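Heads up, the thing below is written out as structure tokens.
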Amino acid sequence: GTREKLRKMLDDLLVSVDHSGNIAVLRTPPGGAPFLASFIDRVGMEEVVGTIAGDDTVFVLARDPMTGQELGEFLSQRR
Amino acid sequence: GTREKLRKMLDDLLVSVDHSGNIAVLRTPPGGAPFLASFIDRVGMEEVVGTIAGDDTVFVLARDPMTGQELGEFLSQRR
Amino acid sequence: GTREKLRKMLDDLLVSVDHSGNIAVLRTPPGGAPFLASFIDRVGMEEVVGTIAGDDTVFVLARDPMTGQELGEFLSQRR
Amino acid sequence: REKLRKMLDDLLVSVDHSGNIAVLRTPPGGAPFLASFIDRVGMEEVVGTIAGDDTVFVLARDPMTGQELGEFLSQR
Amino acid sequence: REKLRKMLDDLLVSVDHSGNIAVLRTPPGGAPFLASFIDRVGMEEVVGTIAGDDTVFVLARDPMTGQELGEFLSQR
Amino acid sequence: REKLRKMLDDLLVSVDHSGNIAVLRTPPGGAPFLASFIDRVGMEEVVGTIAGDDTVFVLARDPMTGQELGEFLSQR
Ligand SMILES: N[C@@H](Cc1ccc(O)cc1)C(=O)O
Ligand SMILES: N[C@@H](Cc1ccc(O)cc1)C(=O)O
Ligand SMILES: N[C@@H](Cc1ccc(O)cc1)C(=O)O
Ligand SMILES: N[C@@H](Cc1ccc(O)cc1)C(=O)O
Ligand SMILES: N[C@@H](Cc1ccc(O)cc1)C(=O)O
Ligand SMILES: N[C@@H](Cc1ccc(O)cc1)C(=O)O
Ligand code: NA
Ligand code: NA
Ligand code: NA
Ligand code: NA
């Protein structure tokens, strides 16, 4: 199921969540950011305009009017 | 010519445009984001502070006071 | 020392600094963005929510209430 | 294979080889765009591809050589 | 090696080889996650790893083959 | 070649090899910084480079070996 893989994906890859403005910042272990962010893309979050992954960090762009914090809180509750 | 390659680059790589705040979000096919964003860099958009590409997503930072939307609308009109 | 490597890292990799909103934009030579941004991560800037590197560009997310500009000015003074 | 042909025309700056690897050079940032499409084709002789920024390493399946794999890509 | 075993179970879609290279295929974006962990293990026979997006090239140390290195990874 | 020499001093943590590949290890995120500069040099014996995060695969042109290509880079 998708909710279960989202839960396990976040359980295993989300080291921390942070935010500023319209951006939620996801911290992963090394190399984990593209792995996590690709999955987030594919679960189809309406509040998520898009994501970009580097190596251990993902920037999640919140759809207006939702904030980075509120977006990050959503994802944390999926854990 | 540069306008023609910008037009064809956007025609072939820009799956969709979105925006939030000062960020225009470009969606590409798989692997296309660095290809597209590098070219955007090199055409020298004054309104563009910079770009970062992941795999299929580019975040374009709009130069103040222009918005992500207005930046995205500019690029769409180049199509 | 860390301040010295931050100084030399910035001296050799920071082509330019820019900003918009809460994002400081770092420009590097080709391939230099992950090299620079990883180091910035590891020096532990409280004002820095996180960073993402592409190839020659880094987006540094400023911790509220600090701005991208103020964040970029901090880093420039480390040069 | 009509789509791969346009993909190579627009992205393949050069093809080289050594041993069992064919190397593709692209314009900047083009490597994962080209290489992911090659994966999608799914050729039996391609063990795998790695994309950097403007270079793709394509591993040829033994006993095919990287020179042979590069010639097929250069053909298309 | 208990952590690598879970890492491979969750990320290793397939393993292939040619010459002295073992190729790991992962779900999308999984390659640098898997490959950095492999580096961390630090096996003597692994000369190095490169991660793309969903493919990892693992270079086997002579005289070990990529087939042999892939079998050890497939084992775990 | 004076710039490559400083580039290697600051970024080359180690050099290894297997078959026709020289492997460069860098500090974290250093691989595309080093590798793009190597491309820029444009050595005839370098068929191509791929950068991951901290590892660069440099493919040696036959009949040169990756050991030989790594020794030249280690020299500089
Ligand atoms: N955190 C930044 C910088 C970074 C780059 C490479 C690394 O290996 C680690 C960190 C990113 O993920 O893009
Ligand atoms: N869209 C994000 C996450 C992603 C990563 C890897 C992919 O293959 C696909 C998507 C990015 O481009 O960074
Ligand atoms: N500046 C953008 C786009 C880019 C991608 C690849 C390049 O080689 C150059 C530029 C980034 O660093 O992500
Ligand atoms: N050609 C190598 C090195 C490189 C890295 C980054 C670049 O922008 C350019 C070249 C690769 O694509 O991995
Ligand atoms: N399999 C290759 C090509 C690729 C690039 C980007 C992708 O999203 C998917 C595949 C790699 O991982 O480098
Ligand atoms: N050494 C491999 C795997 C790796 C990936 C990401 C890292 O942050 C570290 C290592 C590479 O650079 O591709
Ligand atoms: Na890392
Ligand atoms: Na990136
Ligand atoms: Na993709
Ligand atoms: Na570049």
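Identifiers in this document derive from the order of the structure tokens: chains are assigned A, B, ..., residues are numbered from 1 separately in each chain, and ligands are numbered from 1 in order of occurrence.
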
Overlay target chain F, mobile chain D, all C-alpha paired in order, as a PDB file with C-alpha atoms, in the first residue's frame:
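For reference, part-v2.pdb as written:
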ATOM      1  CA  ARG D   1      48.627  21.911 -15.724  1.00  0.00           C
ATOM      2  CA  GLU D   2      49.487  24.177 -12.804  1.00  0.00           C
ATOM      3  CA  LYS D   3      45.764  24.478 -12.041  1.00  0.00           C
ATOM      4  CA  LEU D   4      45.163  20.721 -12.190  1.00  0.00           C
ATOM      5  CA  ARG D   5      48.052  20.250  -9.761  1.00  0.00           C
ATOM      6  CA  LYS D   6      46.433  22.498  -7.153  1.00  0.00           C
ATOM      7  CA  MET D   7      43.071  20.860  -7.924  1.00  0.00           C
ATOM      8  CA  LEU D   8      44.480  17.416  -7.132  1.00  0.00           C
ATOM      9  CA  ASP D   9      46.323  18.581  -4.008  1.00  0.00           C
ATOM     10  CA  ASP D  10      43.097  20.018  -2.573  1.00  0.00           C
ATOM     11  CA  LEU D  11      40.646  17.332  -3.717  1.00  0.00           C
ATOM     12  CA  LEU D  12      42.500  14.035  -4.259  1.00  0.00           C
ATOM     13  CA  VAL D  13      42.108  12.004  -1.085  1.00  0.00           C
ATOM     14  CA  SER D  14      43.195   8.800  -2.842  1.00  0.00           C
ATOM     15  CA  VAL D  15      43.592   7.159  -6.245  1.00  0.00           C
ATOM     16  CA  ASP D  16      42.843   3.510  -7.022  1.00  0.00           C
ATOM     17  CA  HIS D  17      42.310   1.412 -10.161  1.00  0.00           C
ATOM     18  CA  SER D  18      40.949  -1.759 -11.673  1.00  0.00           C
ATOM     19  CA  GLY D  19      41.292  -2.771 -15.297  1.00  0.00           C
ATOM     20  CA  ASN D  20      41.012   0.300 -17.500  1.00  0.00           C
ATOM     21  CA  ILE D  21      39.500   2.572 -14.815  1.00  0.00           C
ATOM     22  CA  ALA D  22      41.272   4.913 -12.446  1.00  0.00           C
ATOM     23  CA  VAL D  23      39.182   5.829  -9.421  1.00  0.00           C
ATOM     24  CA  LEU D  24      39.576   9.179  -7.667  1.00  0.00           C
ATOM     25  CA  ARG D  25      38.260   9.707  -4.153  1.00  0.00           C
ATOM     26  CA  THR D  26      37.501  13.257  -2.981  1.00  0.00           C
ATOM     27  CA  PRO D  27      36.066  14.964   0.105  1.00  0.00           C
ATOM     28  CA  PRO D  28      32.259  14.923   0.138  1.00  0.00           C
ATOM     29  CA  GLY D  29      30.640  16.526  -2.882  1.00  0.00           C
ATOM     30  CA  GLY D  30      34.060  17.023  -4.485  1.00  0.00           C
ATOM     31  CA  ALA D  31      33.712  14.516  -7.337  1.00  0.00           C
ATOM     32  CA  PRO D  32      32.011  16.649 -10.055  1.00  0.00           C
ATOM     33  CA  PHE D  33      34.243  19.597  -9.112  1.00  0.00           C
ATOM     34  CA  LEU D  34      37.402  17.560  -9.734  1.00  0.00           C
ATOM     35  CA  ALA D  35      36.051  15.574 -12.695  1.00  0.00           C
ATOM     36  CA  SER D  36      34.738  18.545 -14.680  1.00  0.00           C
ATOM     37  CA  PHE D  37      38.160  20.156 -14.341  1.00  0.00           C
ATOM     38  CA  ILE D  38      39.798  16.951 -15.593  1.00  0.00           C
ATOM     39  CA  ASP D  39      37.477  16.988 -18.612  1.00  0.00           C
ATOM     40  CA  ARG D  40      38.502  20.588 -19.240  1.00  0.00           C
ATOM     41  CA  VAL D  41      42.169  19.561 -19.407  1.00  0.00           C
ATOM     42  CA  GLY D  42      41.220  17.125 -22.162  1.00  0.00           C
ATOM     43  CA  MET D  43      43.838  14.395 -21.952  1.00  0.00           C
ATOM     44  CA  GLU D  44      43.909  12.091 -24.963  1.00  0.00           C
ATOM     45  CA  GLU D  45      44.130   8.967 -22.799  1.00  0.00           C
ATOM     46  CA  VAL D  46      40.991   9.909 -20.851  1.00  0.00           C
ATOM     47  CA  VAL D  47      38.027   8.455 -22.776  1.00  0.00           C
ATOM     48  CA  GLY D  48      35.704  10.020 -20.231  1.00  0.00           C
ATOM     49  CA  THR D  49      34.943  10.673 -16.582  1.00  0.00           C
ATOM     50  CA  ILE D  50      31.841  10.131 -14.480  1.00  0.00           C
ATOM     51  CA  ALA D  51      31.447  11.904 -11.154  1.00  0.00           C
ATOM     52  CA  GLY D  52      29.269  10.654  -8.319  1.00  0.00           C
ATOM     53  CA  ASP D  53      29.495  12.530  -4.993  1.00  0.00           C
ATOM     54  CA  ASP D  54      33.000  11.705  -3.732  1.00  0.00           C
ATOM     55  CA  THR D  55      34.229   9.236  -6.332  1.00  0.00           C
ATOM     56  CA  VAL D  56      35.313   9.743  -9.935  1.00  0.00           C
ATOM     57  CA  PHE D  57      35.659   6.927 -12.454  1.00  0.00           C
ATOM     58  CA  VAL D  58      38.224   7.852 -15.130  1.00  0.00           C
ATOM     59  CA  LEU D  59      38.237   5.494 -18.117  1.00  0.00           C
ATOM     60  CA  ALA D  60      41.697   4.924 -19.589  1.00  0.00           C
ATOM     61  CA  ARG D  61      42.093   4.712 -23.373  1.00  0.00           C
ATOM     62  CA  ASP D  62      43.296   1.330 -24.588  1.00  0.00           C
ATOM     63  CA  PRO D  63      46.072   0.220 -24.395  1.00  0.00           C
ATOM     64  CA  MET D  64      46.659   2.415 -21.315  1.00  0.00           C
ATOM     65  CA  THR D  65      45.568   0.907 -17.998  1.00  0.00           C
ATOM     66  CA  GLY D  66      43.649   2.543 -15.169  1.00  0.00           C
ATOM     67  CA  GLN D  67      46.696   1.917 -12.986  1.00  0.00           C
ATOM     68  CA  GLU D  68      48.818   3.939 -15.418  1.00  0.00           C
ATOM     69  CA  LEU D  69      46.221   6.708 -15.642  1.00  0.00           C
ATOM     70  CA  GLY D  70      45.974   6.857 -11.856  1.00  0.00           C
ATOM     71  CA  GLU D  71      49.748   7.080 -11.514  1.00  0.00           C
ATOM     72  CA  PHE D  72      49.870  10.111 -13.820  1.00  0.00           C
ATOM     73  CA  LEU D  73      47.118  11.811 -11.802  1.00  0.00           C
ATOM     74  CA  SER D  74      48.806  10.808  -8.537  1.00  0.00           C
ATOM     75  CA  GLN D  75      52.049  12.269  -9.917  1.00  0.00           C
ATOM     76  CA  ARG D  76      50.461  15.681 -10.485  1.00  0.00           C
TER      77      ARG D  76
END

Using only C-alpha atoms and all ligand atoms, find each residue with an atom at most 6 Å away from ligand 9 and format the answer as a ChimeraX atom specification.
/B:30-31,55-56

Which residues, written as a count of residues only, have at least one atom at most 9 Å from residue 70 (chain B), with only C-alpha atoms counted and residues fewer than 5 positions away on the same chain left out?
4

Closest-contact table, chain A side, partner chain C, 7 Å, counting only C-alpha atoms, as a Markdown table:
| residue | atom | partner | partner_atom | distance |
| --- | --- | --- | --- | --- |
| A:18 | CA | C:49 | CA | 6.7 |
| A:19 | CA | C:49 | CA | 6.9 |
| A:20 | CA | C:63 | CA | 6.1 |
| A:25 | CA | C:50 | CA | 6.7 |
| A:53 | CA | C:52 | CA | 7.0 |
| A:54 | CA | C:52 | CA | 5.2 |
| A:57 | CA | C:52 | CA | 6.2 |

From a DSSP calculation on the backbone, collect every residue of region 2-47 of chain D in strand (DSSP E) and output the set as a PyMOL selection string.
chain D and resi 14-18+21-25+46-47

Since we have the selection now, will you write its residues out, keeping N, CA and C atoms, as an mmCIF file, in the first residue's frame?
data_model
loop_
_atom_site.group_PDB
_atom_site.id
_atom_site.type_symbol
_atom_site.label_atom_id
_atom_site.label_comp_id
_atom_site.auth_asym_id
_atom_site.auth_seq_id
_atom_site.Cartn_x
_atom_site.Cartn_y
_atom_site.Cartn_z
ATOM 1 N N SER D 14 29.308 13.165 -28.841
ATOM 2 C CA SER D 14 30.305 12.209 -29.299
ATOM 3 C C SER D 14 30.110 10.883 -28.572
ATOM 4 N N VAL D 15 30.656 9.824 -29.162
ATOM 5 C CA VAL D 15 30.692 8.506 -28.546
ATOM 6 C C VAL D 15 32.127 8.002 -28.576
ATOM 7 N N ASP D 16 32.571 7.443 -27.452
ATOM 8 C CA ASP D 16 33.889 6.835 -27.335
ATOM 9 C C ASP D 16 33.751 5.486 -26.638
ATOM 10 N N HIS D 17 34.868 4.848 -26.299
ATOM 11 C CA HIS D 17 34.825 3.499 -25.742
ATOM 12 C C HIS D 17 36.173 3.176 -25.120
ATOM 13 N N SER D 18 36.150 2.219 -24.201
ATOM 14 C CA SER D 18 37.346 1.516 -23.766
ATOM 15 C C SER D 18 36.884 0.237 -23.102
ATOM 16 N N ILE D 21 33.047 -0.610 -22.073
ATOM 17 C CA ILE D 21 32.260 0.578 -21.768
ATOM 18 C C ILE D 21 32.202 1.450 -23.009
ATOM 19 N N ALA D 22 30.994 1.837 -23.392
ATOM 20 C CA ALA D 22 30.795 2.929 -24.331
ATOM 21 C C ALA D 22 30.500 4.196 -23.543
ATOM 22 N N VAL D 23 31.161 5.271 -23.934
ATOM 23 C CA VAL D 23 31.019 6.570 -23.306
ATOM 24 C C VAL D 23 30.270 7.499 -24.247
ATOM 25 N N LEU D 24 29.216 8.118 -23.733
ATOM 26 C CA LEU D 24 28.444 9.124 -24.447
ATOM 27 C C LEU D 24 28.729 10.492 -23.850
ATOM 28 N N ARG D 25 29.028 11.454 -24.704
ATOM 29 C CA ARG D 25 29.173 12.838 -24.277
ATOM 30 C C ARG D 25 27.977 13.636 -24.772
ATOM 31 N N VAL D 46 22.933 -3.901 -22.877
ATOM 32 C CA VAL D 46 23.275 -2.848 -21.930
ATOM 33 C C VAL D 46 23.060 -3.397 -20.523
ATOM 34 N N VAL D 47 24.161 -3.704 -19.822
ATOM 35 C CA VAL D 47 24.093 -4.146 -18.430
ATOM 36 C C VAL D 47 23.571 -3.013 -17.554
#

Report as a VMD selection string: the residues of region 6-64 of chain E with a DSSP assignment of helix (DSSP H, G or I), based on the backbone of this structure.
chain E and resid 6 to 11 31 to 41

Write out, as a short mmCIF file (atom, residue, chain, number, x, y, z; two decimals), in the first residue's frame, the residues just selected, with N, CA, C and O atoms.
data_model
loop_
_atom_site.label_atom_id
_atom_site.label_comp_id
_atom_site.auth_asym_id
_atom_site.auth_seq_id
_atom_site.Cartn_x
_atom_site.Cartn_y
_atom_site.Cartn_z
N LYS E 6 19.73 -5.29 5.33
CA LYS E 6 18.45 -4.60 5.20
C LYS E 6 18.49 -3.58 4.06
O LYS E 6 17.52 -3.42 3.33
N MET E 7 19.63 -2.88 3.92
CA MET E 7 19.79 -1.92 2.83
C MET E 7 19.61 -2.58 1.47
O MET E 7 18.94 -2.03 0.58
N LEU E 8 20.18 -3.77 1.28
CA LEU E 8 20.04 -4.44 -0.01
C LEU E 8 18.63 -4.97 -0.21
O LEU E 8 18.08 -4.89 -1.31
N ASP E 9 18.02 -5.52 0.85
CA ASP E 9 16.65 -6.02 0.73
C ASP E 9 15.70 -4.92 0.27
O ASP E 9 14.81 -5.15 -0.56
N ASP E 10 15.88 -3.70 0.79
CA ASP E 10 14.95 -2.61 0.50
C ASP E 10 15.28 -1.85 -0.78
O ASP E 10 14.41 -1.17 -1.32
N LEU E 11 16.51 -1.94 -1.27
CA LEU E 11 16.94 -1.11 -2.39
C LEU E 11 17.41 -1.88 -3.61
O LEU E 11 17.39 -1.32 -4.71
N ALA E 31 20.09 5.16 -5.92
CA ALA E 31 21.47 4.75 -6.16
C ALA E 31 22.45 5.38 -5.18
O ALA E 31 23.19 4.63 -4.52
N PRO E 32 22.52 6.71 -5.01
CA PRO E 32 23.47 7.26 -4.02
C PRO E 32 23.15 6.87 -2.58
O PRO E 32 24.06 6.87 -1.74
N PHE E 33 21.90 6.56 -2.25
CA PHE E 33 21.60 6.06 -0.91
C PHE E 33 22.29 4.72 -0.69
O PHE E 33 23.02 4.54 0.29
N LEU E 34 22.07 3.77 -1.60
CA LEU E 34 22.71 2.46 -1.49
C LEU E 34 24.23 2.56 -1.55
O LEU E 34 24.92 1.99 -0.71
N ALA E 35 24.74 3.29 -2.54
CA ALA E 35 26.17 3.29 -2.84
C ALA E 35 26.99 3.94 -1.72
O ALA E 35 28.07 3.44 -1.38
N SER E 36 26.50 5.04 -1.15
CA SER E 36 27.20 5.65 -0.03
C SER E 36 27.28 4.70 1.15
O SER E 36 28.31 4.62 1.83
N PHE E 37 26.21 3.94 1.40
CA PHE E 37 26.28 2.94 2.46
C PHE E 37 27.31 1.87 2.14
O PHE E 37 28.06 1.44 3.02
N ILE E 38 27.40 1.44 0.88
CA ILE E 38 28.39 0.43 0.52
C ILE E 38 29.80 0.96 0.78
O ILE E 38 30.64 0.28 1.36
N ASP E 39 30.06 2.20 0.35
CA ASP E 39 31.33 2.85 0.67
C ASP E 39 31.63 2.77 2.15
O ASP E 39 32.75 2.42 2.56
N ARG E 40 30.63 3.08 2.97
CA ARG E 40 30.80 3.12 4.41
C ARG E 40 31.26 1.77 4.94
O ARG E 40 32.12 1.71 5.83
N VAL E 41 30.70 0.68 4.41
CA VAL E 41 31.15 -0.66 4.78
C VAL E 41 32.65 -0.78 4.57
O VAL E 41 33.40 -1.22 5.45
#

Counting only C-alpha atoms, figure out which residue out of B:1, B:33, B:16, B:10 gets nearest to chain D.
B:33

Work out how far apart CA of residue 60 (chain C) and atom 1 (N, counted along the ligand's line) of ligand 1 are and give it in Å to one decimal.
9.3 Å

Neighbour list for residue 6 (chain B) as number ranges by chain, cut-off 9 Å, only C-alpha atoms, skip fewer than 4 positions in-chain
B: 1-2, 10-11, 39-40, 43, 78-79
